[PDB]
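Have a look at the structure below before the remarks.
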Amino acid sequence: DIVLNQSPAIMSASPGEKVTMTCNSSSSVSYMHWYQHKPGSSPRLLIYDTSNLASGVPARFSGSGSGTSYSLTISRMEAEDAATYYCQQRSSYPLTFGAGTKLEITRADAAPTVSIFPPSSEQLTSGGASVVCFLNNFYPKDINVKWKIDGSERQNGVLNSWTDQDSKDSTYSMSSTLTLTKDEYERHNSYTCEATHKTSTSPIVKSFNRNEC
Amino acid sequence: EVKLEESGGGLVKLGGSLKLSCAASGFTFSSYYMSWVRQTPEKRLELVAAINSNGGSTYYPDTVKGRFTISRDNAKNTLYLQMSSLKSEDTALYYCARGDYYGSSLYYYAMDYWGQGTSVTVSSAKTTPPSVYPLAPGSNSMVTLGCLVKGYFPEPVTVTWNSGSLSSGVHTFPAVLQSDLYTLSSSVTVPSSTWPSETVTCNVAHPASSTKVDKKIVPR
Ligand SMILES: CC(C)(c1cc(I)c(O)c(I)c1)c1cc(I)c(O)c(I)c1
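Residue numbers (PDB author numbering), protein chains in the order written: chain L, 1 to 213; chain H, 1 to 139, 144 to 224.
Next comes the structure, spelled out in structure tokens:
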């Protein structure tokens, strides 16, 4: 086992921009490989033996590094190159792969579209109640969503989930589901969903009440 | 043109066993080193086993050596990987890639062609059919709807809106695991003129439990 630290874990790049990612090893290695992995497809050999490009690879990809430090370079970034790259050592067995570097596309900031949904009548029959709040199409990825029950905040019972960067607009969509019990749900009135984002200095507030409709 | 196709993945309990497969096509299968590589749920790549030209030498990492068996059938152009005493960390997407050519004058120890992989889950959790819940607003020209697919196991799960005729505005968020149960949600955005004036249906399918549910999004 040879630890291969890939830095950084995640990073963004704009089209035409230069991207450089390293991959240091705990022990000296003779050569280093590089693979490109994109969601929906299988891994792809990108560079073999440090600086040798595989078949049908654009010249913008270049390999370098020796000893305990290997780097993968992209002359000018493009949306076609948004994926996760893994480095592999080929000096000792077993053949180990690095943690991986996730490369995202940099686009213009986009405000999220918030939307809160009360629990359905089907779930309330089973003694459960889940309040969902969608935040669709925004950038960058980092975003904070907060819950409030009758004014008071709730941090336990929430389950967030982001989506991979969309290939069309290159935005991020995030979901948040607050699950509770039927009794605890029928115990309060105001259910609010707050969304604080880079493009939203103040929080975007969406709420509803049980004493309406 | 080359092709690699796996098969055999599924759900097994702690200590169970499975036997995978790899369909070779578009190249002399009896001339390349074949191996298996898995991808942990945390998106980590690990080599599990490798075999040479014939059924001679084999390699197994210490984390797997002693319970996984990698055989091949050059006459049948197939690659196998027996899995026994499966622990929890064995859960992952197992690939089968091609290694170096038998006579390359010098080996590279690289895998240039991979496969789509076959998902394998090792857990003592019981297969639970999911519960589909409609998400409708409670009292903008665009309206957002969605359905909640809570409490199921194991993966995967599929969702479509109006039988796939709604591709734009759809968002299926990755499931979340909490207490041996997955929960997924999906949203769809449509013009306010189309809803609730028309019908928006949510199509959920769970191959594991072999269940399929269609749910409408009624107003209120
Ligand atoms: C896993 C490894 C390093 C290997 C395979 C066998 I079998 C052995 O007996 C030994 I020691 C070592 C290997 C992987 C690939 I992928 C190759 O193309 C080659 I060559 C070798």
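Every residue gets a Cβ at the ideal spot worked out from N, C-alpha and C, and that includes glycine.
Nearest-angstrom beta carbon gap, residue j and residue i [assumed within contact, 8 Å]
i, j, result
"residue 102 of chain H", "residue 31 of chain H", "5 Å"
"residue 141 of chain H", "residue 26 of chain H", "Since the numbering of chain H jumps from 139 to 144, residue 141 of chain H cannot be located in this structure."
"residue 127 of chain L", "residue 181 of chain L", "6 Å"
"residue 162 of chain L", "residue 141 of chain L", "7 Å"
"residue 200 of chain L", "residue 111 of chain L", "6 Å"
"residue 130 of chain L", "residue 179 of chain L", "5 Å"
"residue 23 of chain H", "residue 1 of chain H", "No, residue 23 of chain H and residue 1 of chain H are not in contact; Cβ-Cβ is about 14 Å, not under 8 Å."
"residue 153 of chain H", "residue 163 of chain H", "7 Å"
"residue 12 of chain L", "residue 105 of chain L", "7 Å"
"residue 219 of chain H", "residue 205 of chain H", "7 Å"
"residue 192 of chain L", "residue 207 of chain L", "4 Å"
"residue 109 of chain L", "residue 198 of chain L", "6 Å"
"residue 79 of chain H", "residue 111 of chain H", "Going by Cβ atoms, the distance from residue 79 of chain H to residue 111 of chain H rounds to 13 Å, so no, they are not a contact pair."
"residue 177 of chain H", "residue 170 of chain L", "At roughly 17 Å, the Cβ-Cβ gap does not stay under 8 Å, so residue 177 of chain H and residue 170 of chain L are not in contact."
Sequence-distant residues of its chain with Cβ nearer than 8 Å to residue i (five each side left out)
i, result
"residue 230 of chain H", "As displayed, chain H neither begins before 1 nor continues past 224, which places residue 230 of chain H out of reach and without an answer."
"residue 173 of chain L", "134, 135, 136, 137, 138, 162, 163, 166"
"residue 41 of chain H", "91, 92"
"residue 128 of chain H", "155, 156, 157, 185, 213"
"residue 16 of chain L", "76, 77, 78"
Chain L contact for residue i (CB, 8 Å cutoff)
i, result
"residue 224 of chain H", "yes"
"residue 34 of chain H", "no"
"residue 45 of chain H", "yes"
"residue 165 of chain H", "no"
"residue 177 of chain H", "yes"
"residue 182 of chain H", "yes"
"residue 110 of chain H", "yes"
"residue 114 of chain H", "yes"
"residue 154 of chain H", "yes"
"residue 41 of chain H", "no"
"residue 61 of chain H", "yes"
"residue 168 of chain H", "no"
"residue 145 of chain H", "no"
"residue 150 of chain H", "yes"
Residue from the options with nearest C-alpha to residue i
i, options, result
"residue 130 of chain H", "H/146, H/110, H/158", "H/158"
"residue 59 of chain H", "L/94, L/44, L/88", "L/94"
"residue 20 of chain L", "L/44, L/70, L/143, L/213", "L/70"
"residue 159 of chain L", "H/135, H/134, H/145, H/189", "H/189"
"residue 8 of chain L", "L/122, L/52, L/148, L/100", "L/100"
"residue 46 of chain H", "H/198, H/95, H/139", "H/95"
"residue 2 of chain L", "L/174, L/88, L/207, L/11", "L/88"
"residue 211 of chain L", "H/212, H/224, H/214", "H/224"
"residue 151 of chain H", "H/145, H/105, H/144, H/179", "H/179"
"residue 38 of chain H", "H/160, H/219, H/83", "H/83"
"residue 58 of chain L", "L/113, L/40, L/29, L/80", "L/80"
"residue 185 of chain L", "L/61, L/204, L/123, L/34", "L/123"
"residue 81 of chain H", "H/36, H/205, H/213", "H/36"
"residue 136 of chain H", "H/28, H/17, H/221", "H/221"
"residue 199 of chain H", "H/173, H/149, H/20", "H/149"
"residue 56 of chain L", "L/183, L/46, L/62", "L/46"
"residue 104 of chain H", "H/53, H/182, H/194, H/86", "H/53"
Same chain, Cβ closer than 7 Å to residue i, five either side skipped, listed in chain order
i, result
"residue 150 of chain L", "188, 189, 190"
"residue 24 of chain L", "5, 68, 69"
"residue 184 of chain H", "125, 157"
"residue 133 of chain H", "151, 152, 154"
"residue 175 of chain H", "190, 191"
Cβ of residue i within 8 Å of any chain H Cβ
i, result
"residue 104 of chain L", "no"
"residue 33 of chain L", "yes"
"residue 115 of chain L", "yes"
"residue 123 of chain L", "yes"
"residue 60 of chain L", "no"
"residue 167 of chain L", "no"
"residue 127 of chain L", "no"
"residue 93 of chain L", "yes"
"residue 185 of chain L", "no"
"residue 100 of chain L", "yes"
"residue 212 of chain L", "yes"
"residue 107 of chain L", "no"
"residue 84 of chain L", "yes"
"residue 112 of chain L", "no"
"residue 26 of chain L", "no"
Beta-carbon contacts of residue i that lie in its chain and below 6 Å, excluding the five residues immediately before and after
i, result
"residue 144 of chain L", "196"
"residue 90 of chain H", "122"
"residue 154 of chain L", "147"
"residue 31 of chain L", "49, 50, 90"
"residue 143 of chain H", "No atoms are given for residue 143 of chain H, which sits in the stretch of chain H between 139 and 144 that the model skips."
*asked:* Please list, in chain order, the residues of the region 117 to 138 of chain H that have any C-beta partner in chain L closer than 9 Å.
replied: 117, 131, 132, 133, 134, 135, 136, 137, 138
*Within 8 Å of chain H by C-beta, residues of the region 130 to 155 of chain L in sequence order*: 130, 132, 134, 136
*According to a CB-to-CB cut-off of less than 7 Å, which residues of the region 33 to 53 of chain L neighbour chain H?*
33, 42, 43, 45, 48, 49
*Determine which residues of the region 92 to 104 of chain H have a Cβ less than 9 Å from any Cβ of chain L, and write them out in chain order.*
95, 97
*Could you please tell me which residues of the region 194 to 207 of chain H, in chain order, have their CB closer than 7 Å to any CB of chain L?*
none
*Using a Cβ cut-off of 7 Å, which residues of the region 171 to 182 of chain L contact any Cβ in chain H, in chain order?*
173, 175, 177
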